[PDB]
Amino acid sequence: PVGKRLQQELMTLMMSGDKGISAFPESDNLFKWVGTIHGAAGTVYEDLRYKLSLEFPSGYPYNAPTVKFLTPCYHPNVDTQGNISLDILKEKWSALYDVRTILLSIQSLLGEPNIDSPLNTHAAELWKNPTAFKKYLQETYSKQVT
């Protein structure tokens, strides 16, 4: 029933047509997916894109999947390993959330960080100055495509 649910979740994702979100399982393993997120329009992450891995452990859906950024991401709530501090992925994970909900939540986090409990203190600090933030973000992102 778990593999079935994941297939149904992929179909839901495909027919929803949400902008800037995309993900599929690897051909040999339905329990490991790779996804892509684009920053939401109007945010400093607009026009930038990031790849993420999604792994569904044996305890899923009771236990949350492990989600990490594969593309380096400079952001208050992401660390050097691509780990993400997002409540719904940890303490507030619910077995009723689908892949679409997770992707949308992470896309939303890009534009609205939790700067009170950061993983990247420097980014949390610079966030107060958007122009300055945008600049460092683009600079750092830029060094991720050459």
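All residue numbers are counted from 1 along the displayed sequence.
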Fill in: Selected stretch [higher average CA B-factor]: 85-93 or 102-110
85-93
Item to complete: Check the entry's C-alpha temperature factors for 45-53 and 114-122, then say which stretch has the higher mean.
Response: 114-122
Fill in: Third of chain Cα B-factors occupied by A40
highest
Discussion item. Please say which third, lowest, middle or highest, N29 falls into when its CA temperature factor is compared across its chain.
Written reply: middle
Worksheet item: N63: which third of its chain by C-alpha temperature factor?
Response: middle
Item to complete: Tell me, lowest, middle or highest third: where does the Cα B factor of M15 rank within its chain?
Response: highest
